[PDB]
Amino acid sequence: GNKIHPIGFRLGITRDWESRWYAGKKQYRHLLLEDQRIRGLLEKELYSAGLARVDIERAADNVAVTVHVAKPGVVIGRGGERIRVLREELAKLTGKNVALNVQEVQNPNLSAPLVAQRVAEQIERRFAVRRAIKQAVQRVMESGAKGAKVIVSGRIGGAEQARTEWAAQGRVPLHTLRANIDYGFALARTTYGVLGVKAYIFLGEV
Amino acid sequence: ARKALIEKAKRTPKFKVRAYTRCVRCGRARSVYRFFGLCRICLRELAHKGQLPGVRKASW
Amino acid sequence: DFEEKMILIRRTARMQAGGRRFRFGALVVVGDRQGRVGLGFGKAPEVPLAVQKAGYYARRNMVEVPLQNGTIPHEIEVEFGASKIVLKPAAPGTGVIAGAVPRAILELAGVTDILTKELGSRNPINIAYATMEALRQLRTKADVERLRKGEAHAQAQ
RNA sequence: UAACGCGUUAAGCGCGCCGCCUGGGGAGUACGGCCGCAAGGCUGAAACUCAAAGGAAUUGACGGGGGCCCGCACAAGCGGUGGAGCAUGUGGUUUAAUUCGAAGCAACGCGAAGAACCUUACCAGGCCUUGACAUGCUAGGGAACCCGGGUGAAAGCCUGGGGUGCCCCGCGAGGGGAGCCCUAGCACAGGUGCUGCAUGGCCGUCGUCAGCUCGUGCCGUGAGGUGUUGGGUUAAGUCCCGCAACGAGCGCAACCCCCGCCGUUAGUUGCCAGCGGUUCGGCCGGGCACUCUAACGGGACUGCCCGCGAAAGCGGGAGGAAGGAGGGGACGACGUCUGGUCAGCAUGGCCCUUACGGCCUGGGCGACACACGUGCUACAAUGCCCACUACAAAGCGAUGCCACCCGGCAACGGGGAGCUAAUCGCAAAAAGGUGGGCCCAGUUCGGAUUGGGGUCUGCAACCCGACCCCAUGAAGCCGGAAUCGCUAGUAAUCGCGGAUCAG
Ligand SMILES: [Mg+2]
Ligand SMILES: [Mg+2]
Ligand SMILES: [Mg+2]
Ligand SMILES: [Mg+2]
Ligand SMILES: [Mg+2]
Ligand SMILES: [Mg+2]
Ligand SMILES: [Mg+2]
Ligand SMILES: [Mg+2]
Ligand SMILES: [Mg+2]
Ligand SMILES: [Mg+2]
Ligand SMILES: [Mg+2]
Ligand SMILES: [Mg+2]
Ligand SMILES: [Mg+2]
Ligand SMILES: [Mg+2]
Ligand SMILES: [Mg+2]
Ligand SMILES: [Mg+2]
Ligand SMILES: [Mg+2]
Ligand SMILES: [Mg+2]
Ligand SMILES: [Mg+2]
Ligand SMILES: [Mg+2]
Ligand SMILES: [Mg+2]
Ligand SMILES: [Mg+2]
Ligand SMILES: [Mg+2]
Ligand SMILES: [Mg+2]
Ligand SMILES: [Mg+2]
Ligand SMILES: [Mg+2]
Ligand SMILES: [Mg+2]
Ligand SMILES: [Mg+2]
Ligand SMILES: [Mg+2]
Ligand SMILES: [Mg+2]
Ligand SMILES: [Mg+2]
Ligand SMILES: [Mg+2]
Ligand SMILES: [Mg+2]
Ligand SMILES: [Mg+2]
Ligand SMILES: [Mg+2]
Ligand SMILES: [Mg+2]
Ligand SMILES: [Mg+2]
Ligand SMILES: [Mg+2]
Ligand SMILES: [Mg+2]
Ligand SMILES: [Mg+2]
Ligand SMILES: [Mg+2]
Ligand SMILES: [Mg+2]
Ligand SMILES: [Mg+2]
Ligand SMILES: [Mg+2]
Ligand SMILES: [Mg+2]
Ligand SMILES: [Mg+2]
Ligand SMILES: [Mg+2]
Ligand SMILES: [Mg+2]
Ligand SMILES: [Mg+2]
Ligand SMILES: [Mg+2]
Ligand SMILES: [Mg+2]
Ligand SMILES: [Mg+2]
Ligand SMILES: [Mg+2]
Ligand SMILES: [Mg+2]
Ligand SMILES: [Zn+2]
């Protein structure tokens, strides 16, 4: 029972919300649940493309879902087909005019949610957990970053004794508010059980 | 949040008064906020993720 | 640009309220199989890191063994603490007839034939050091002749 | 030299000679021999049994060891708990069931920010079996869907009628097909069943305590040390001086929010200072001065003066709204607790599948010889009651808040205006002020308990709602041993709002 969610802390100061709209008490309840049904689906259907953020901006009967993705082709699809299928299935579950665009996360080495994931996969694929981490943190600092940190926790290896591995380089100042710090969390699901990967990436003093 | 009771939750019941809210997420019966249709656990979680719009953390 | 070897790796414990806390130690040899060998003992909190360290240290602590045809110029015996090594040079096709540690050190030195016994404490680390110190000490009817004549050398040579 | 240490008083370098050691326990025991007045001594085993016994040094922990420092920790206070009655939680016991977890601080008004049915996981009874929910599959019957009867506590069970859409082939009768439905059968779904000692996440905690560590260098055979220690300073591993150390990371601080002063921009639904008109209401003109509202900014740095100090900094003063972190917030280091939670969610493994799944109606979670925890209301005169009269903030509300009129002792009901709200409303703020009453009394203190008559919500207030009015008017006269909180706008005291919510 320790540290604060590094985002919700910085939220509004050095970090933005993933849903940006206004709604009165009357409407809010459902436009919320509507967002969560969207982010429910695109999260399942796009794990293959490595997806960082799902931005949901809103007007009136209008939804601008910006999907932030490593491999932007996989989202698009050959011919331009796959994206059309989504947009229809979206505007089905939404019943509104869904405006799904796609944005190329140009560097997955500085996207915490992705670094997290890449590790979790690696862990699921039965890779060495310690190495998996040092080597991830590695890749993060190599690409500009000013600080980074990854924490795998759970039944590491086979392990009856559930422990915690972690590693960091540079500064990861969780107390410093003006620090832009990306956080992401991945959950690895395994024959022996489930483990969690947190990845912190310190990006720049503002 | 047994499955049936999440469904029963939605069933428009024999009397107006067996109307009760659960969390649109976990299905939790108990600390459910009208306004979000979420419990005080889910609220907390989604709030930090940044997925409840305009929901800041307070401090005064 | 030498070969490295692992003499030994160990784990060791400190103490803090609420647990042991560990640290690793690596003993590493470094040789060029033609008369230069160095020994390094490095500790870090992670094992491969310790070895890196160890390897760095080894190259800074280097010793030129005067190899005389696969073997060492005379016999020699050297104590270090509790531990004591003896190196008796040997004839061709004898092999490094030496224990676990000294071998690694001798092999990378570039030695091929040599006799050996450890004696006293068998502790790796001190035996490691005793050997390196033994080799640090060898001389030659050459090395020696210069020491003794020396004070008018080059009248007879 | 293993180190501790030794170091011309050697434990160094050597020679001579003597004594002694050869794993721990058994054991300085047994046996034998010698000495002794005796007590007993000297000499001295093994069987057996263990896998160590040991020496020195390192980190830590602990000490009814020492030193310095801090926290409402003690002290100094103010007010309480422990007693009473009641509200809640819990132990126990009881029960058909009193679902389950929480268990020293860190469980006990805790999960529960809303248990009459629902919730609801427990119990009894009546029900369903591809199932209340997902994706399917094989075979037949069907459009989907809509309405009515029987039985029943409901669920369910049985049954009657209306209805023929869409896609392809065909002139057509019509065959095929998508979707949905029913019946049979199969994958399966469902499980708040177990394991928090298989876990993720999140949290409590030591502790907002000032610590925890790393790179390189250096010391040591080494575990490890150094730095981080010492002296001064600080809320602070905060800084200063010192030093085999020089830095760095997580922490402290800072960047963020609220309050205190002023600025610029902003004038409505807010504001009223001089002025015009007034039904005396800022009501109307008009104006944004002021109040305010709320978005950006300025302002404080030991900067100035005096005194002490190598320095850091400390004490005191001036200007200033604010002075040495101005007050409060958010923010919890490496780790500890095999801490908490499989009953939020997720999840490995084990277990059930006409039953541990699911539907319902009723009951239970509210039981009461008792015990504790947290709190409310009191025991009264620095009070109580009645009337008249002032001064808040923060929120909330168009399925709602409900102004004002009417009936009614009243709860409330009928009628009905404004308000998606700086406008309309909840809204009376209560302590306070003025007047009058009571006069030390179980009382005009206290308001339990019960009798009676109503109101509202709700399908339904027996178990088990709140509220109003009449009558009843219990304990209690300041609480034993123990024990809690708080260091300034704090404690004590007085009202107000909100979340959950038909209530
Ligand atoms: Mg931690
Ligand atoms: Mg963990
Ligand atoms: Mg479940
Ligand atoms: Mg309800
Ligand atoms: Mg030489
Ligand atoms: Mg010796
Ligand atoms: Mg030879
Ligand atoms: Mg030996
Ligand atoms: Mg041995
Ligand atoms: Mg002498
Ligand atoms: Mg001696
Ligand atoms: Mg013996
Ligand atoms: Mg023996
Ligand atoms: Mg004896
Ligand atoms: Mg004796
Ligand atoms: Mg004796
Ligand atoms: Mg005898
Ligand atoms: Mg005698
Ligand atoms: Mg004697
Ligand atoms: Mg000792
Ligand atoms: Mg002490
Ligand atoms: Mg006291
Ligand atoms: Mg007292
Ligand atoms: Mg009491
Ligand atoms: Mg219980
Ligand atoms: Mg349980
Ligand atoms: Mg309640
Ligand atoms: Mg019930
Ligand atoms: Mg029931
Ligand atoms: Mg046709
Ligand atoms: Mg036809
Ligand atoms: Mg399951
Ligand atoms: Mg645990
Ligand atoms: Mg438990
Ligand atoms: Mg060294
Ligand atoms: Mg320290
Ligand atoms: Mg502090
Ligand atoms: Mg510091
Ligand atoms: Mg006038
Ligand atoms: Mg006007
Ligand atoms: Mg400001
Ligand atoms: Mg000064
Ligand atoms: Mg801070
Ligand atoms: Mg446990
Ligand atoms: Mg209860
Ligand atoms: Mg009236
Ligand atoms: Mg009324
Ligand atoms: Mg009054
Ligand atoms: Mg009076
Ligand atoms: Mg009495
Ligand atoms: Mg009295
Ligand atoms: Mg204090
Ligand atoms: Mg209240
Ligand atoms: Mg309310
Ligand atoms: Zn929830």
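Chain B is numbered as in Swiss-Prot, which gives 2-61 for the residues shown.
Looking at the header, which is where the method is noted, we find X-ray crystallography, 3.5 Å.
Each Cβ is built from the backbone N, Cα and C atoms, and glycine gets one as well.
What Swiss-Prot records for this protein:
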- B:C24, B:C27, B:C40, B:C43: Zn(2+) binding site (BINDING)
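There are 23 other CB atoms within 10 A of the CB of B:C40 (Zn(2+) binding site), with all protein chains counted. Around the Cβ of B:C43 (Zn(2+) binding site), 22 further Cβ atoms fall within 10 Å across all displayed protein chains. Shown in sequence order, B:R23, B:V25, B:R26, B:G28, B:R29, B:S32, B:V33, B:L39, B:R41, B:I42, B:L44 are the same-chain residues outside B:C24, B:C27, B:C40, B:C43 whose Cβ sits within 8 Å of the Cβ centre of the Zn(2+) site. In the three-state DSSP assignment, the secondary structure recorded for B:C27 (Zn(2+) binding site) is coil. Following the DSSP three-state reduction, the secondary structure of B:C43 (Zn(2+) binding site) is helix.
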